[PDB]
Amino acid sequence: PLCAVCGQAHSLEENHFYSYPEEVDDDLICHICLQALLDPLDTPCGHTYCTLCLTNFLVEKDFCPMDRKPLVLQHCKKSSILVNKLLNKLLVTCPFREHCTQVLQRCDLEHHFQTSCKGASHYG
């Protein structure tokens, strides 16, 4: 099932997926999934993971992956505006590569699909 937000085939239970043409800073990479952070969540111990990744992690485990300190989801908090701004401006390559060559900021890919991507218009 092709996602209308990121243009990749993934389930409703999985993260959005992106292809980054310029390398992403290792400090913006989620330690659970090894992709650039999406919907970042902070732990009380100061670590940061994708919301979906930490949520799924804590169903079958009960510690922070980075320091093994006990951890529960309800004391985690969405990351700051600053962190979201740094992630939103990461460059991504449109996944409809047979129709489109567009590189743009990650926060703008959905809009690109809705307005001016020949791939999204075609679909497959």
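Each residue number is its position in the shown sequence, starting from 1.
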Which is higher in the entry, the mean Cα B factor of 62-70 or that of 42-50?
-> 62-70
Comparing 87-95 with 53-61, where is the mean C-alpha B-factor higher?
-> 53-61
Mind checking which third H10 falls in for C-alpha B-factor across the chain?
-> highest
Assert third(CA B-factor, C107) within chain per record equals lowest
